[PDB]
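For reference, the chains in residue letters:
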Amino acid sequence: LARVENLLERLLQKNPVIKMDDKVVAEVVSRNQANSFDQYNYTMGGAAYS
Amino acid sequence: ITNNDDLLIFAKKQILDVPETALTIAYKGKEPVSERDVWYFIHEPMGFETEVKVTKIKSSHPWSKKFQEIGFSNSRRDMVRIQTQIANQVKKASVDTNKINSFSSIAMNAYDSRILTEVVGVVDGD
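Residues numbered from 1 in each chain as written, not as in the entry; some residues may be left out. Chains lettered and ligands numbered in written order. Part of a larger assembly, values for the part shown. Heavy atoms only, no water.

Naming follows the PDB entry, where chain B appears as FtbL of Listeria monocytogenes. This entry appears in the Protein Data Bank under the title "Tip region of monocin".

The name that the PDB entry assigns to chain A is FtbJ, with the source organism given as Listeria monocytogenes.

Structural data, given as structure tokens:
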């Protein structure tokens, strides 16, 4: 059972840090904001950028 | 406008002298909420005992189990609203410039004809 403990310790070594990308998050946020902007423009007729 | 009472009422309309507040409530009751009904809000820890008029609703499907979000006294700031305001102001400025370009051009157009009339009168004077 000692090697089970050794493997569990080695598996506890792993850093609990999960790097998450920022460029894709920004692009998705921009797309959703654009959807909201288009909705608001449509509800205002055409008195906006387009 | 030219008189003073109209300018007084316009100036009164031109400012806002109370804190701008917006209220948001997460409601999970059985009674449905419509777009016209006025409810009574009681919330002791936040010092609320008043009548609230619904101005914004974000409802879920009746089978969706989710909460409802209800707004009162206008909405939170948000950026997309600011962008829409800036865009409509830009459009208004653009159309104003387009109109004023033609106005200046016809100012030049109304110029030359009257110059011709002045020249005709000058020749008549001689």
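There's plenty left to go through after this.
**Q** I'm lost on the overall build of chain B in this one. Help?
**A** Looking only at helices and strands, chain B features 2 helices and 4 strands. When the elements of chain B are put in sequence order from the N terminus, they spell out α-β-β-β-β-α. Over its C-alpha atoms chain B spans a radius of gyration of 29 Å, topping by over 25% the 14 Å that the globule rule assigns to 126 residues. Each principal axis of the C-alpha atoms in chain B carries an extent, and together these give about 95 × 40 × 25 Å. Partitioning the contacts of chain B with sequence separation of at least 6, the portion at a separation of at least 24 is 39%. Averaging the coordinates of the 17 positive side-chain charges in chain B and doing the same for the 17 negative ones gives two points 13 Å apart. (Helix = DSSP H or I, 4+ residues; strand = E, 2+ residues; numbered from the N terminus. Rg over C-alpha atoms; globule rule 2.2 N^0.38 Å. Contact = heavy atoms within 4.5 Å. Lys, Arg positive; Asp, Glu negative; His and termini not counted. Charge placed at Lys NZ, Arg CZ, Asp CG, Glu CD.)

**Q** Hey, could you run me through the sheet that holds strand β4 (residues 68-72) of chain B in this one?
**A** Strand pairing in a sheet takes place through backbone hydrogen bonds and is either antiparallel or parallel in direction. All names here are of chain B. Strands sit in the order β1-β4-β3-β2 across an open sheet of 4 strands; the sheet is antiparallel. Every other strand in the sheet has two partners, leaving β1 (23-27) and β2 (38-43) as the edge strands with one partner each. Averaged over all neighbouring strand pairs, the angle between strand axes comes to 50°, with direction disregarded. The pairing of strand β3 (residues 48-58) with β4 spans 4 bridges and is antiparallel. Counted as the bridge partner of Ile57 is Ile70 from β4. (Pairing = 2+ DSSP bridges. Axes fitted to C-alpha atoms, helices over the stretch in contact; angles between N-to-C directions.)

**Q** What's the story with the pattern of salt bridges in this structure? I'm lost.
**A** Residue and element names in this part refer to chain A. Scanning all chains against the criterion turns up 2 salt bridges over all chains. Residues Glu27 and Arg31 are paired through a salt bridge, measuring 2.7 Å at the closest nitrogen-oxygen approach. Residue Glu27 and its partner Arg31 are both found in helix α2 (residues 23-43); the two are separated by 4 residues, about one turn of the helix. Assessed through its relative accessible area of 38%, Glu27 is described here as partly exposed. (Salt bridge = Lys/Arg side-chain N within 4 Å of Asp/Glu carboxyl O. Buried < 20%, exposed > 50% of the residue type's maximum accessible area, 1.4 Å probe, protein only.)

**Q** How should I be thinking about the pairing of β3(B) in this particular structure?
**A** Residues and elements named next belong to chain B. In the sheet, β2 pairs with β3 via 6 bridges, with the strands oriented antiparallel. Across the sheet, residue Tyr40 finds its bridge partner in β3, namely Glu51. If you look at the hairpin formed by β2 and β3, you'll find 4 residues sitting between the two strands, and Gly47 has a positive phi there, around 65°.

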